[PDB]
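**Student:** 3D model of this:
(chains A, B, C, D, E, F and G)
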Amino acid sequence: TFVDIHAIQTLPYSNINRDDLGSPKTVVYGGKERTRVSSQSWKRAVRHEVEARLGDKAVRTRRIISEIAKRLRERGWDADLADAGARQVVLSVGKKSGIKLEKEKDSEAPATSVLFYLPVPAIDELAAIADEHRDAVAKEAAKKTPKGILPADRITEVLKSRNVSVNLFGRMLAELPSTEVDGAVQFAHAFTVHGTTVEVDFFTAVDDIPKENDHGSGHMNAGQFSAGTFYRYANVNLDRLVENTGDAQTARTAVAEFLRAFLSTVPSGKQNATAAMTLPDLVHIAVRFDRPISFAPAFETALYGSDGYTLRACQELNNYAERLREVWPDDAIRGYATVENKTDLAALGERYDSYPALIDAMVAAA
Amino acid sequence: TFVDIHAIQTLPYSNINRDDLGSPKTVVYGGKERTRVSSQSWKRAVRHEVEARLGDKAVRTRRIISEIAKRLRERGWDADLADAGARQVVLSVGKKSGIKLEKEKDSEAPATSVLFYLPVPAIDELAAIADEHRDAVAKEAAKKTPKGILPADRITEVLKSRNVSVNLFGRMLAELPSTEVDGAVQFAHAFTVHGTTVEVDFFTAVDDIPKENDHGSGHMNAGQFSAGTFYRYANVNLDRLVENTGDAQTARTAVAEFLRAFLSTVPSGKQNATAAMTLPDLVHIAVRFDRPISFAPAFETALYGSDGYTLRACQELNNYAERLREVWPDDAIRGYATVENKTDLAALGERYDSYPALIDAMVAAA
Amino acid sequence: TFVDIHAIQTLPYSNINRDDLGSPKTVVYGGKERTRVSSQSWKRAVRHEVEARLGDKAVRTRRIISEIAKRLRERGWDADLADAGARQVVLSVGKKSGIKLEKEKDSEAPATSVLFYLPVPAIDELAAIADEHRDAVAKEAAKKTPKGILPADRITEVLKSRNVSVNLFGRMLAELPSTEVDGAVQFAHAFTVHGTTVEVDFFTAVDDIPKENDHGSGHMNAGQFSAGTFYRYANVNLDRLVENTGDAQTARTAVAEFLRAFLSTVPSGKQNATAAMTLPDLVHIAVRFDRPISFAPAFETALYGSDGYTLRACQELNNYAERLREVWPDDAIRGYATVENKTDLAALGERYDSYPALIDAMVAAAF
Amino acid sequence: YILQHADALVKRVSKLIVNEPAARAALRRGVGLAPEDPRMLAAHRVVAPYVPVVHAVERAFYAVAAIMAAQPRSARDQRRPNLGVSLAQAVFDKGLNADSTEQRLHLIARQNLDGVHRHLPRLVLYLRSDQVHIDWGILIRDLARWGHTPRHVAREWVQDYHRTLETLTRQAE
Amino acid sequence: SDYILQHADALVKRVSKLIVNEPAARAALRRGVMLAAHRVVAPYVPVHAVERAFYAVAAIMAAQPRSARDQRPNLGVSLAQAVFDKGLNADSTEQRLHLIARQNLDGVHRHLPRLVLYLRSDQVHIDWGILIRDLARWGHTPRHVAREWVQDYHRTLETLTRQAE
DNA sequence: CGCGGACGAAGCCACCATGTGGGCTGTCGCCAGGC
DNA sequence: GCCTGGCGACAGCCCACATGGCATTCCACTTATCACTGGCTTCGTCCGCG
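**Tutor:** Residues are numbered from 1 along each chain as shown, chains lettered A, B, ... in the order given. Provided below are the atomic coordinates:
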C-alpha cells in the first residue's frame, strides 16, 4: 500500500534551486555540507509535468477574484458587475464575513490573503454560480457594504473539487477546513551523496557599443553553482490516493504517472545557463506494505571522492538495501533499473531493462 | 521538439576563458578538478557568429542614451537637444518616473542602470520617435525636471522588437517585464572529460634598449593555461523558438544556423597567444520529443590518462548513449558525425559524412 | 581570408625555452607530458627576424624617457633640460596627470610602469615635439610640480604609429586605449608530438690552474635538456592585417615575410651550448576562408616510440587533414612542402618543391 | 594575541609592496588559493616566518598578505574597525550601491571557512579599489577565528556594519 | 603514517650498520641510487611509492662519502642549517629546493640524490626516517610535503637569523 | 415535530567589550655451532 | 635447546655561480512578492437533521 521510489541522479554544474541570496541550498548532513534541492521545487516540477501529461491542470493562485472577473466579463457582464460578482463569490463563504482580502491595489481586484488551489473548470463553475444570481448581485453592488448573497453550500461544493494534483499532493485552506485534502505523496529533499563546497563562477556582462576611451565590462558579478550525484526519495500512500480519487483505476494512472514524472522531470533553475537536464543513474521502486523506508542513512557517511561517485553510490545503496532487508524482513515487491552494468546489485530485487518497464511492473504489482 | 547537440572537442593549451585572477575556470566534478569554459562565453561567441552570418545584429548596451544621441545629432538636432531628447526616450517609459540612470559622468550621457538588449534598427526607430516630437522636447528641455512626454506605448513597442539572438537566447529587463523573452536555448558549461591540473606558464617581456648590457627583463609573470578534451552540450526548444519568431521558416534557419555556430565558433579568449582554433572531434545531434538529456554523467568518472582521451571519450559517450536508449526508450531521431573512423559507434544513430550534412539532416528531421 | 601554417620540426637536445627554474616548459597533453616552446618566445624570434629583414624595427621598452633624453641631448639640449623635456612628453598624455612612473632610480630617468611598443622613428618624432616647445619646457622645469604642457593630440598621433610588427602582432596600452591595435596573428605553443621526459645533464666547470691537494672542479651543476619533433601552428587574419596596414600590398609583403620568418627562425635559447638550428621537416600552408583549424588534436594521442617520429607524425597529420576535409568541407586552397619523399601525403594539397615556392604560391593565392 | 603577529605582518608587508616589486608580485600570484597550491610556493619566503606553529590561521595570514599585495596601484600608493565598518564607510562616502553590498555582506556571513576565502578577494579588492580604508590586522584575526566560529565573528561583522551605517546617517543631520 | 615511520627507523639503523660493517652489501646498495636491494631492504616494508621511497633512500644512504658515512627535523630545516652553518649558498640551494618541490613522484627521485649527497658531503644532519616517510607521503599527497619543506626551510632560516642577532 | 448542533452575547486595555587545543601502535636474516 | 656469531675481495677526495627584472586601466543591476488558525467563560437561540 506504500510505493516508494529511490533514485540516484547526477547533475553537472546545475544550481537548479537557489536560496534567498543565490547560493544553492545546503544540508550539513553527517557533519559535512551537502548541496540539496528542496522538495517543494522538484514537487512543483512534478505537478506541472503531471498536469501537462494527464491534461487536467489545477491552479494555485492568490488572485481568484480577478480570474472569476474575466469569466464573468466574457459571459456578458459589465466590468463593474463582474468585479462585484467575484467579490460576492469570496464574500459569501467562510465562517467570518468573508475570505479576507489583501489591501486594495489601484485598478486591480484585491488578492485573497491565502492561496487557493483548485482546478480550472471549478473556477469556471464558480463563475456560473455567480452568474445565475446576476440581479441579486446588481442589488448588492449598489449598497455600501454588500453581504454574501450567493449560496454557501454550492460554492463550498465547487471549492471541494479535486484535481489529480490535489489528490496526489493535498491542499490546505485555513478558512475552509472542509476543503483540505490529505496529501498522498511524501517528497524528500534531494541531497548529494558526497560533500560539496559551493563553487563560485565570476561572470561579466559585456557592453556592446565600444567606448571611446575606457572599455570595461557592463556589469560584473559572481553566481554560485554546484554539481554532484543527488539521492532522491519519495513515497506514495496508496490507501490515501485511492481514498482521494475514490476509484482504484484513476489512482493507478495517477501513481504510474507520478513515478514517471519523478524520473523525467528536473526543476529548471537557470537551465538556460546550465542545461542540467539528466536522467537518473539508478532507480529502485519498492512496493512495501508495512511502512516506507528511505535509504538516506546509507549516505550519511559522506563519500571521500577523487573517483566517480556513481558506482560507489549505487553499490552503497545496494549494501544498505541488503542489510535492511535482512534486519527488517518483509514481503515487499522490489525492483530496480540501472544504467551501469558493471554490477548486478542483487539486493535491489528483479532488474528491469527500462524505466517504463519497471514502473509498469511495480504499479501492476500494487 | 527538442534538438540537443553533444560535442567532444579538444583544445590545446588554450586557456580560452579566465576567472577573475587569470586562472582558467574549473569544476570539481566527480571529485576531480576539471577545467571548464563558461557557458556565457561560448554563448557570446555563438551569438556574434550568428549575428554576423545571418546579418542582423542586436546590441546589449548600458549606454543607449548616447547612441540615440548620435542618431538624433545626425538627424539635424543640436547636441544639447539630442541629449535632452534621448533622456526623454528613457524618461518616458517604465512604472516609476523613468529608467533609472547611473551617476552622471562628466561630458558624457549617463548610462542606464540595466543593460538594454535590442536590435540596431530598433534603436534607430527610437530615434525617430524622439524626432517627431522635437518641439515638445525643446519645451521640456527648458524646464528644470522634464517629464516623459513621448508616448509610452510606441516606445514599448519598439523595445519589444526581437532579433534572432533575442529569439534564441532570450532577454531580461526588470523595469519593463513586457519586453522579457524566454530563451529557447540551454547552453551547458563545457568541462573536460579528464581531470586537469592548472599549468603555470612563466613568461617575461624582455626589454629592448639595454642599459648596461645587463639582461634584466622589463617584466616577469606567470600566466596559467590548460588543455584537454571538453564535453559540450546544448538544447534548442523548438516550441519556444517557433513561438518567439512566430513563423516556422525563420525558426528553421535560426536552428540550423545555431547548430552550425555551435560547431564552428571558439570563445577567443587569449587566442593570439595560444591559437586554439579547433573543430570538434565528435558531434551527435539528437532530435528528441519528450525531454532533452545531456550525457554529462557519462564523464563524471574522470578518465585516467597516459593515452589519448579522444578515442575513449567518444567510445564512452557511445556506451552511455546506448545504455540510455535502452533504459529510456524513445523514438528520437539520432545522428552523429565523427573524425575518427577507428570505431563505428553504433548507438549514436545514423552516421553522416560531414557536419553540415548532419545539421541539415537533423534540422530537416525536425 | 585566414592563412594558417602548420609545421613539423624536430629539435635535437635543444632546451630552447626554459621555465623559471631552468626546466623546459611542458604540457600534460593527452594525459602525457610533452615539452613545449612557448608562443611568445618563437613570436619574439619571428618579430626580430621580420624587423631585421623588412628593415623597420619597433621597440618594446619600459625606458622611453631615457631614450627621448638621448635624442634631445643630441639636439643641443642640456642634460637637465633633456630629462625635464622627456618627462614632459610622458606627463602631457593620458587621462590622469600623466603616464605613471616607477620609483625613481638614482642617476637615471625613471621607467614607465607599462611597456611602450612603438617604432623607432616615432620615438624620434616625439623628441621633435618636445623640441619645438623648448622655452615652455624650460619654464616648467623651474616649477616644483610641472604639468603636461605639450599638446596631447600630436603626441597621441605619434604614439599611434604602427610598425609591421605592430600591424602583425598588435599592441596594448592601458592608459592610452586609442593606441591599442588588434593582432592579426595567432601563434600556438609548439608542443612535441610524442611524450618526453626531462633529461638531466650533470656538468662541471674545470678550474684551470691546479693547486696541490685539490682536483675539484671549479663549479658543479646539472642543467636540464630535451629533444623531439614539435608540432607548430599559426594563423594570419588577412582581414585584420589589411585593416591595420590599410593597403593590401604592404599586407601581402607582411604575410609572405611572416610565413618565411615562421619557417626560418628558432628562439635561440641555450643555442651556443646546443646548436639546435633546424629546418622544419614538413610545412603545410592552407588558405581558408571560413575559419582556421589547427591540427593539434591529431597529436593528442601521443606516439609510442622506438622508431623515428618524423614519418609517423607527417603521416598522422596527413590522415587528420584528410579526415577533416571530409568532415568539414571547404574550398580552401591547400598546399604543402616536405623533406621526406617516402610518402605522397595526398590530403595536404598540391606539393611544392621548396618552402619559398610554397609561400609564394599560397600568398599569391590569397592576395 | 594573534593580532600581534598580524600587525607585524601588516607592517613589513605594507612596506614590502611599496619598496620591492619582486616580493609583492611574488605575493599576488597566490591570491585566493590554499598555500599548498604551487603558485604559493614563492610566497613562503615572505609569509612562512610569521605564522605561529589548524590550517585556518595559516589561510588567514597567507591570504590576507596576498590580498594585501593584489591591491591596485592606486590603492597601494596612498574602535579598530572590521571589514563591516569598512563596508559601511564605502556605502556612505564612496557611494557604493547599498542593496547590493548589504546583500553581498549577508552573503559572506553564511559561508564556511572554505567559502569565505573564495568570496573575500573579490569583495576586498572592490572595497580597496576606491580608497576605502581596511585595517588588515583585524581582518587577519577575524579570518583566523572564522574557522572555529560558526557565526561568532560574522555576527560581529554584520552588527557593526548595520550599526555604523545607521550612525553615519544620523550624524549627517 | 606513524606506522610508516617505525619501519623507516628500523631500516635506517639496519642499513647504517650494514653500510659501515660490510662493503659488499653496501656497494650492492650503492649501484642502484637491483636484486641486492630486494634481498636487503625488502623485510622492512609495510603502493609503489612507499617501496621506491624505501629503496631510494637506502641506496642514497649507502652512497655517502666515507667522511659522512663514518659519523624531528625534516629536509627543509636540514637545508636551512646547511645554509647557516656550512656557509653553503642560500640563493642557489633555494632554487634547488623549489625545483624539487615542483616535481612529481618520479622526478623528485630524479633531483633528490644529488642534493642529498651534496648535504652529506658537508656533514649536515639528515633525519633519514622522516625523509623516507616524506617520500612515501609524496605518492599519497605531494603538495603538502613540498610546502612543508619550503615553509620550514625559510622559517628556520629566519629563526636562525634572529639567533645571529 | 423533536432533537442536536452551531453560533452568539459580553468583558474587554499601551559613543566602546573579548582568548583555546593533545591518545594510538608492532618485527626479524638465516644457519650453524657451541654451551 | 637456546643463544650468539658469522657469512673472499667491493676505493678514495675535491668541487657546487654571479645579476637583473616582477604592468597598467576599467566596470559591479533591477522588480515583484512577504498567509491563515486556535487553544476564554455559560447559556440561549437558531437551524438543521432525523
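
**Student:** quick one, what contacts residue D:16?
**Tutor:** D:23-24, D:27, D:46, D:69 (CB atoms under 8 Å, 6 or more residues apart in numbering or on different chains). Quick note: C-beta positions are derived from backbone N, CA and C, even for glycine.

**Student:** try it again with 10 Å
**Tutor:** When contacts are counted by CB atoms under 10 Å, 6 or more residues apart in numbering or on different chains, residue D:16 touches D:9, D:22-24, D:26-27, D:46, D:65, D:68-69.

**Student:** Please pick the buried ones from these.
**Tutor:** D:9, D:23-24, D:26-27, D:46, D:65, D:68-69 (16 or more other CB atoms under 10 Å in any protein chain shown).

**Student:** hmm, back to that, out of the contacts of residue D:16, who's nearest DNA strand G?
**Tutor:** residue D:22 (3.5 Å; CB to the nearest atom of the strand).

**Student:** does the closest one sit in a helix, a strand or a coil?
**Tutor:** helix (DSSP: H, G, I helix; E, B strand; the rest coil).

**Student:** Name the nearest residue to it, sequence neighbours excluded.
**Tutor:** residue B:220 (7.7 Å; CB to CB, 6 or more residues apart in numbering or on different chains).

**Student:** Which residues are in contact with the one you found?
**Tutor:** Taking CB under 10 Å, 6+ apart, one finds B:202-205, C:20, D:21-22, D:25-26 in contact with residue B:220.

**Student:** Could you pull up phi and psi at it?
**Tutor:** Backbone torsions of residue B:220, given as degrees, to the nearest 10, read phi -150, psi 130.

**Student:** Tell me what it is bridged to.
**Tutor:** Per DSSP bridges, the residues bridged to residue B:220 are residue B:204.

**Student:** where does it sit relative to residue D:121, distance-wise?
**Tutor:** Note on residue B:220: its distance to residue D:121, by CB to CB, to the nearest Å, is 22 Å.

**Student:** okay, now residue 56: neighbour count?
**Tutor:** In the absence of a named chain, chain A is used. 13 (other CB atoms under 10 Å in any protein chain shown).

**Student:** wrong one, chain D
**Tutor:** Neighbourhood size, residue D:56 [other CB under 10 Å]: 16.

**Student:** In contact with the residue lying closest to it once chain neighbours are set aside, which residues are there?
**Tutor:** Nearest non-adjacent residue to residue D:56, counting by CB to CB, 6+ apart: residue D:147, 2.8 Å away. Shown in contact with residue D:147 (CB under 10 Å, 6+ apart): D:54-57, D:59-60, D:112-114, D:116, D:153.

**Student:** before we move on, what about residue D:22?
**Tutor:** Going by CB under 10 Å, 6+ apart, the list of residues near residue D:22 reads B:220, D:16, D:42.

**Student:** Distance to residue D:132 added to those, as JSON lines?
**Tutor:** Formatted as JSON lines, those follow (distance: CB to CB, whole Å):
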{"residue": "B:220", "distance to residue D:132": "30"}
{"residue": "D:16", "distance to residue D:132": "21"}
{"residue": "D:42", "distance to residue D:132": "28"}
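
**Student:** Quick one: the helices in the stretch 201-350 of chain A, in order.
**Tutor:** A:238-245, A:248-264, A:271-274, A:309-327 (DSSP state H, counting those that start in this stretch).

**Student:** and chain B, which of those is closest to it?
**Tutor:** Proximity to chain B (CB to the nearest CB) singles out helix A:271-274 among the helices of the stretch 201-350 of chain A, at 4.4 Å.

**Student:** who's residue A:229 bridged to?
**Tutor:** Assigned bridge partners for residue A:229, using DSSP bridges, are residue A:10.

**Student:** For residue A:86, which non-adjacent residue is spatially closest?
**Tutor:** Residue A:86 sits nearest to residue A:68 (CB to CB, 6+ apart), 3.9 Å away.

**Student:** on that earlier part again, quick one: which of the contacts of residue B:220 is nearest to DNA strand F?
**Tutor:** For the contacts of residue B:220, the residue nearest DNA strand F by CB to the nearest atom of the strand is residue D:26; the value is 28.9 Å.

**Student:** Confirm that closest one sits in a helix?
**Tutor:** Yes. Checked against three-state DSSP, residue D:26 lies within a helix.

**Student:** hang on, it packs against residue D:45?
**Tutor:** Yes. With contact defined as CB atoms under 10 Å, residue D:26 counts as touching residue D:45 (7.5 Å).

**Student:** about what we covered before: possible to save the buried ones among the contacts of residue D:16 as JSON lines with distance to residue D:129?
**Tutor:** Converted to JSON lines, these look like this (distance: CB to CB, whole Å):
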{"residue": "D:9", "distance to residue D:129": "22"}
{"residue": "D:23", "distance to residue D:129": "22"}
{"residue": "D:24", "distance to residue D:129": "17"}
{"residue": "D:26", "distance to residue D:129": "22"}
{"residue": "D:27", "distance to residue D:129": "18"}
{"residue": "D:46", "distance to residue D:129": "23"}
{"residue": "D:65", "distance to residue D:129": "19"}
{"residue": "D:68", "distance to residue D:129": "14"}
{"residue": "D:69", "distance to residue D:129": "15"}
